[PDB]
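# Observations on the three-dimensional arrangement
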Amino acid sequence: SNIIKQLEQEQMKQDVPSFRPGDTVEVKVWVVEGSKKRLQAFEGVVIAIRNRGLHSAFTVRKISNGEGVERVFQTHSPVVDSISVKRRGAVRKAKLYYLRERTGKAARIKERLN
Amino acid sequence: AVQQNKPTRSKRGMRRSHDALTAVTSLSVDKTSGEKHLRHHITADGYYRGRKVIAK
Amino acid sequence: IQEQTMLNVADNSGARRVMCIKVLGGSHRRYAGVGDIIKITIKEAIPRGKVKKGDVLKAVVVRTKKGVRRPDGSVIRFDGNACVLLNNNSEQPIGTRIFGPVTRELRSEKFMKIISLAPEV
Amino acid sequence: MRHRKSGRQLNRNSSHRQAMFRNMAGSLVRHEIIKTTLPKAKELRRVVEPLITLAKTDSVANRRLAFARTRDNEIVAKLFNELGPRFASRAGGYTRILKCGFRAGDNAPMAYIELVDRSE
Amino acid sequence: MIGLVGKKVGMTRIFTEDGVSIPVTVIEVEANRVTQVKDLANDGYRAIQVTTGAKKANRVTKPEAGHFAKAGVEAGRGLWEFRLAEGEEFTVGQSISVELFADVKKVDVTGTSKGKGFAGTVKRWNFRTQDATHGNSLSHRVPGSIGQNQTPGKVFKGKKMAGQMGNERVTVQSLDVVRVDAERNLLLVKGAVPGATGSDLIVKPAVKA
RNA sequence: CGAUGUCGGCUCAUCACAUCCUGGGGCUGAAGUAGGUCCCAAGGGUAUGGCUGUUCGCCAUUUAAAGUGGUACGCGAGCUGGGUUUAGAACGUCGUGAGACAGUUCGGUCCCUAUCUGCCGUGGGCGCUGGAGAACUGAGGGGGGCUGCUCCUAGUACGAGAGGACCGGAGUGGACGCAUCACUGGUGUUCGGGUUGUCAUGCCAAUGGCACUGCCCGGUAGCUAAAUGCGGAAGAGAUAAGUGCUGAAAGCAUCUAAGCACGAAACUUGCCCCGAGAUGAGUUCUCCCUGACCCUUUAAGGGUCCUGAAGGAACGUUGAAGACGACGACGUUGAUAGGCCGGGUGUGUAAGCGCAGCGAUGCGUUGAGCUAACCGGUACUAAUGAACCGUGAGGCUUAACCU
RNA sequence: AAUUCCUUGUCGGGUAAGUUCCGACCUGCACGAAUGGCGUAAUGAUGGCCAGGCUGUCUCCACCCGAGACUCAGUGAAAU
RNA sequence: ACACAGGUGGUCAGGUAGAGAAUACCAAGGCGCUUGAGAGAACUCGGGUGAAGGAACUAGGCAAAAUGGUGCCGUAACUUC
RNA sequence: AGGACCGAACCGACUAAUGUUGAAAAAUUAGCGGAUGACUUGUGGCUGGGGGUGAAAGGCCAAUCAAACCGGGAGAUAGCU
């Protein structure tokens, strides 16, 4: 509809960088332990969506302490304050699930258009 | 799955009370030709309401 | 997560693999996500620890393959279910170190004691 | 049930539906007016009109696409040479569907589907 | 305390500053026009007749046109009623109708339900399907026993069987309003509301709250 | 006995109260926490596994609780076929033997297309007293009724200590139900890509057919739960057991005989839904039709000409509506569907050309090409003008306001 | 024990929990030596038990592809 | 019984992949199985795919799912070797 | 070499589902066993009813077998319906 996304346009944020699947981005999220608010870093390889509006969610993957952790994040949430691309990647898929379950296998890096 | 008593002609008639055909009760007459046809249908002379749309 | 679910063990003293035999709380409870306490049997035991094979006790699920849901709409998904073995009567953790991540909804009293030894939260 | 769903199953499997739509589109492009059943014609609009819209733009890629559909180079030549140059100004609505009577063996509501600018 | 008639637009999310991500649905509530006011003398009760939207004046018949033209002419999509005990309303329309919901906190939304159609027992009720492998000749999703042998001799009058599921007026209670937009003509309540998009909704303040 | 299918399990229930939990009280050898026993109460709830064919039982682990029964020891024209209970075979035992056993052991065909009652839904006809379009009141009828833990009251009252409340607030759960697809996901054989074997399009290139959609990798809309919102209460009226005030019969005593006040999840409400065929057929608002005659037993009508109104129906394009009817949107005064245009999405850098390399292949053009069911527009195609039904002021008696 | 009524005998193993199973004891109701006793490699669409993998068997179902069911036209039964 | 998914001896044996007379697509050749048309309910039949769990189902892993080929390494108790 | 191994033709019939007025008076689909031998199969012949034949089940002897079919004794008899 047209009444829908008139609210969502005001609820977007314009500071989202451009990501591709295969990029190992660093997501800084907000965490509240007590009365204080703190930034937590979560770096990992992205298995993304394309921008569905306000309902856009990207899935990143980190092998933390020997256990692989997959965390989605809404790309318009106030919890995520900044995302940084870090090292880029050259893969041929929009979804990298078969390349996320395996371990010890890495994605190569493209210089341009990735 | 079988009956225990025979249904009668009265019960047969009340069952067939809804098995009755309904006629068209309305036939449109075309403008270019005066021959009648079913509504929203070709006249079988090849004519729809504006022109002879079908040669056959 | 469910009955007959084999979970790995996070702490050092609680050993190897454990089968969940009951989810506690509630009359006909089907599932156990993270912050709740299940009953276990010990199917594999490392030879050293105070844990022995075939011992019934309690455990709190520190990792789940389905994961938890943050209120902002996001989920944290792991590969593999894990638990920390607790005492049966006092419900305190048995081991001295917790291996692997432990999610923030273990934020209450004994689970705060689990955060005090967990590496990444 | 089926909510917000399109297409007709037409009492056939998918490969048969694709093949019969291919042959029906080829027959319509060749003869410019064919008589079929009503739902077959109603799906024939949805398969034929993208082919004419693709025939509007002349390129080797569009000819290979409209050979991947309809699989007939005579249909491809007639389409990209005479159907779309003819409908070049017209934006939509290349097929007109006129209802006819019923078949004799079974009462199937028939319909004539025909190109709107017929050469004959 | 009366309510008003809206239309279901869809479902979105409202990101709060804390990060709560409240699931909302949007009800497009235009200017409701009071058409007829009922009183205790002419009728046996006390309520008002409202209308919303507009019609094309070719689908408006002569009785509908006469009823609308009586005391303030504007054709609407339909007519509804709202009971009242201590409120008094005029017979002209409401200018900004949604602003009577800016003070309420919990509303109670009513709309039609989506039609599932002729549905089985497993879809309609939460009936248990029987076994899929161990024998089970032609009896996977069938109803099981429907009665109690000869001593009743009959199936009881409330028996759960297969039938039409959907197209029922479903009233969902105690929903939190998060935003009332006067100039946008919108009312944002939290969570799930009956109907597809484009269905006619009835919002009222909550009887429970 | 010209046939009423047997135990147990699956699915589905419904009733009784001789109450397992929750609710309300009397007594206690009832300090508190906990109990024991008895009275009232059926509104809701009342496990998962190991063994056994098992009901049962023992056991493990929960729960507030894991009730006792009736219904052909409920339910085989609903399911199973482990048990029992045909024909094969064996062991122990009996018999000379054929054979036999409430013994044991391995294997052993479970049919029916629903006429009637009965329920689950959905229509057609007529009635409702002129004909229609709607909005309703509510006599009835159903649905729902469960409950744990933590904190404050408060380590307070009580108790030597140990321990530890009633009463009253608040948060968060388990089971269940209703709705929904915004999130997380599933499917998505109508979207895109990779790849194998073969055949064809004259051949390279590029495509298509078949091999479960050939095999996969993702995926839009819809549908969905594992996902997300919400909900069973608060509050009245009358009460059961119980507790009383006043008060005689019976100078006292007594909840009772007169009078009066409390008292439960049970009853009637309150919350949600169906509901005027509620023949007792209801109420309100609006719209529409106010012409000539002829024949005639005249508790009354019949026929002709002119007129067909409001509205409905038929037909067509159709829908988050639907088995068919029904319901809803629209019918050129139009966005009802298809097409087209723009986006979104989803695959993931199309074809052709050029460069590098011996070649597979890599790179530029290029986030390119294609894209459904989605969103916003656009009369290009189909929704033709008619035609059909429905009439012409709507009975009698009695009474009020007029006249 | 294809044999044992009491019997789910008693003890041990396996399981969180084992009337079945495996190993023992002998109290053989009512084993036993060509009506063959005991053992055994290989074999078995043979009977019982456990483990790995695997999964809609199941927790608990959800969607989809086709053939019927449903509507229309032609023909047109049956038990009772 | 039937223009009946059953039964019926021998002979020939093309291409590609393949050990093959298996199997997939095809040659020569023969067919589209003698009721159709719509719609896309429950329910039944035959299949496809499933979050998390993995036999908790059940008389019983019934049924489905799983592994599957060639070359090489390597292989236990027992044994009539 | 082998009543040897894997596996099509061929022969068989262990499990499940479907069908049960069936497509069929025992089949189909998906798996299953043997597949150089006590194999399998074509043509003709022989064994006859208290009889034949049987790697034995009261199995088979023309959809029929603890005594086939056909005709006769025969309108057996029936204290039963």
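Note on numbering: residues are counted from 1 along each chain in the order of its written sequence, which can differ from the entry, and residues with no coordinates are hidden. Written order decides the labels, with chains lettered from A and ligands numbered from 1. The displayed chains are a subset of a larger assembly; all values refer to this subset. Values reported for side chains reflect all heavy atoms of the structure, with hydrogen atoms and water molecules removed beforehand.

Going by the header, the method for this PDB entry is cryo-EM, and the resolution given is 3.2 Å.

Our focus in this paragraph is the arrangement of the chains. In this description, contact between two residues means that some pair of their heavy atoms is separated by no more than 4.5 Å. Ranked by contact count, the leading pair among the five pairs of chains in contact consists of chains A and C. A gap remains between chain A and chain B, which never touch, and the nearest two C-alpha atoms on either side lie 35 Å apart. One finds no contact linking chain B with chain E; the least C-alpha distance across the pair is 17 Å.

Turning our attention to the packing of helix 1 (residues 14–31) of chain D against helix 4 (residues 73–82) of chain D. Residue and element names in this part refer to chain D. Every axis corresponds to a line fitted to the C-alpha atoms, with the helix fit spanning only the stretch in contact, and the corresponding angles, defined between N-to-C directions, vary from 0 to 180 degrees. Under the scheme used here, helices are H or I runs from DSSP no shorter than 4 residues and strands are E runs no shorter than 2 residues, and both carry numbers assigned from the N terminus. For the pair helix 1 and helix 4, the least separation of the axes is 10 Å and the interaxial angle reads 50°. Between helix 1 and helix 4, the angle is such that the two are oblique. As for how helix 1 packs across helix 4, the hand of that crossing is left-handed. Contact with helix 1, carried on its side by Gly26, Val29 and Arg30, involves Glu74, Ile75, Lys78 and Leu79 of helix 4 and no other residues of that element. Taken together, the residues of the contact of helix 1 with helix 4 sort by class into three nonpolar, one polar and three charged. Orientation labels follow simple angle bins: below 35 degrees gives roughly parallel, above 145 gives roughly antiparallel, 65 to 115 gives roughly perpendicular, and whatever is left gives oblique. Helix crossings fall into two classes, left-handed where the near helix is turned counterclockwise from the far one by less than a right angle and right-handed where it is turned clockwise. Residue polarity follows a fixed list, in which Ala, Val, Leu, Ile, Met, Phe, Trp, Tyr, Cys and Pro are nonpolar, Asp, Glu, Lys and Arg are charged, and the others, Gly among them, are polar.

This brings us to the interface of chain A and chain C. Taken together, the contact between chain A and chain C spans 18 residues of the former and 17 residues of the latter. Throughout, buried area stands for the accessible area (probe radius 1.4 Å) lost by two parts on being put together, summed over both. Summing both sides of the interface, chain A and chain C together bury roughly 1,300 Å²; the carbon and sulfur share of this comes to 43%. Counted as salt bridges are all cases of a side-chain nitrogen of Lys or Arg within 4 Å of a carboxyl oxygen of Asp or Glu. Remark: the boundary between chain A and chain C carries three salt bridges. Pairs of N or O atoms are called polar contacts if they sit within 3.5 Å, as long as, within protein, a hydrogen donor faces a hydrogen acceptor (for residues adjacent in sequence, only side-chain-to-side-chain pairs). Where chain A meets chain C, there are nine residue pairs in polar contact. Counting residues per element, the ones that place at least two in the side of chain A that touches chain C are strand 2 (37–47), strand 3 (57–63) and strand 4 (68–74) of chain A. Counting residues per element, the side of chain A that touches chain C draws most heavily on strand 4 of chain A, at seven residues.

Below, the discussion takes up helix 1 of chain D. Within an α-helix, residues lying three or four positions from one another point in the same direction, as the helix has 3.6 residues per turn. All names here are of chain D. Between its first and last C-alpha, helix 1 extends 26 Å over 18 residues, near the 26 Å set by a 1.5 Å rise per residue. Type-normalised accessible area, obtained with a 1.4 Å probe on protein chains alone, sets the label of each residue: buried when under 20%, exposed when over 50%, and partly exposed for intermediate values. Listed in full, the buried residues belonging to helix 1 are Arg17, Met20, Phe21, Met24, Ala25, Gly26, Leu28 and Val29. Buried residues in helix 1 make contact with strand 1 (33–37), helix 2 (38–56), helix 4 and strand 3 (109–115). In the stretch just after helix 1, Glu32 is the one whose phi turns positive, near 70°. The span one expects for a helix is its residue count, reduced by one, times 1.5 Å.

Here we take up a positive patch on the surface. Taken together, the side chains of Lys6, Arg9, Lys11, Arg12, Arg15 and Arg16 of chain B make up a positively charged region of the molecular surface. What makes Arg12 of chain B partly exposed here is its relative accessible area of 39%. Residues enter patches when they are more than 30% accessible in relative terms and free of salt bridges; like-charged ones are connected within 9 Å and nonpolar ones (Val, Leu, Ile, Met, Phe, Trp, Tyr) within 5 Å. Only the protein chains shown count as cover for residues, and the accessible areas themselves come from Shrake-Rupley with a 1.4 Å probe. For the purpose of counting charges, residues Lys and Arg are taken to be positive, whereas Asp and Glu are taken to be negative. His and the chain ends are not included. To locate a charge, the coordinates of NZ of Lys, CZ of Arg, CG of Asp or CD of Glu are taken.

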